[PDB]
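Here we start with a single chain on its own, the form deposited in one PDB entry, put down as structure tokens.
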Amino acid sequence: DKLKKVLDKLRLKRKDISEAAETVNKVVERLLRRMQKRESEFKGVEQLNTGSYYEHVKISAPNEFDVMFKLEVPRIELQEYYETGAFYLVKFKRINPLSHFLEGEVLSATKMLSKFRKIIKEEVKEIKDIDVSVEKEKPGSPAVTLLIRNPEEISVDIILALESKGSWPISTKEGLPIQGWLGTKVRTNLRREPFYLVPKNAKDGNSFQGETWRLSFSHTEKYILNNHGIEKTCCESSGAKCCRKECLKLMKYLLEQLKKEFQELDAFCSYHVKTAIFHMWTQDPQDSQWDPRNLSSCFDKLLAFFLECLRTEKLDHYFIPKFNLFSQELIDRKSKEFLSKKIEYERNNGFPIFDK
């Protein structure tokens, strides 16, 4: 009852969805078209909608959309970047529209993301129907973000991705541990899907950065979010309804509200809570451990789990086990302790940040 009314707050409205989806699809269509025209290096690029809005876990308002422009790159080998698991150099044996981005065998991420961005910037200029601009480039972002004033503000991340259809890299062998939850045939099929590489695009000044790519599994996460039960009928019209997505929404909201207020929490992002809950879904595979009548227990055990990840400084990538999103090298212990105390406070005081 307490949290059922928070979810009612977080529920998107069909009117806002229509209006936001109407505009967003128009801009994305045009951008996809221009990509195909002339002698564009990105001809052949294909579209994949990913992220919260397409998983039906986008909360509060349909105001941020993530879409991937994926380019199939054949004949490709990969140099893992310093045993980090998630970052790679892309190389080419053979000797190609991507020639202008080559740097002798190795493919440049920033060169390719700059040209990409240039094309988007230009194509946005020729849009007089709607109020749309390109956000200033952010470090670490593989995206070209559109800022739309549809009266209301709307972000769109155009994510540039390489597509490889070969078997996933060995750093993911022990990843995606869904055998006791979605099972082994689901895991095999998912791992027959392509894998994706997005530009790391850091500006830390370290070697290789600028030619460093990062693995992406947004497509697999989209599948998992919309096929999340041990029973095939979970949340279907002739099935029982679980509270897995509702729990993700509340956790997302906790982090969003806190992040709006305290900039100490800049290190953190919603992908953290997304990863923590994929683990909880593996830990607690049965649909009967996400009964909507136990919403509070379920939300509380997800918080308990997240608290332990913050304290023990460990939150493994769901797809790349050896990569720790809560490593010291990524977030201070101070930043983690600060969030740990803020979560315990909300936890033991009636969640007053939900009423803001």
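Just so we're on the same page, rigid core means the largest C-alpha set that superposes within 1.5 Å between forms. Each residue number is its position in the shown sequence, starting from 1.
There is another form of the same protein, the form deposited in another entry; it is not shown, and what comes next is about it.
Chemist: Only one of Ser108, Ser216, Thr172, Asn201 crosses a C-alpha shift of 2 angstroms between the shown form and the other one, counting 2 angstroms or more, core aligned. Which residue?
Modeler: Only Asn201 moves by 2 Å or more at its C-alpha.
Chemist: Closer or farther: the CA pair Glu337/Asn206 in the other form, versus this form, with a change of 3 Å or more?
Modeler: So the answer is closer.
Chemist: Given a change of 3 Å or more, say if the Cα atoms of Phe323 and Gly205 sit closer or farther in the other form than in this form.
Modeler: They are closer; the C-alpha distance drops by 3 Å or more in the other form.
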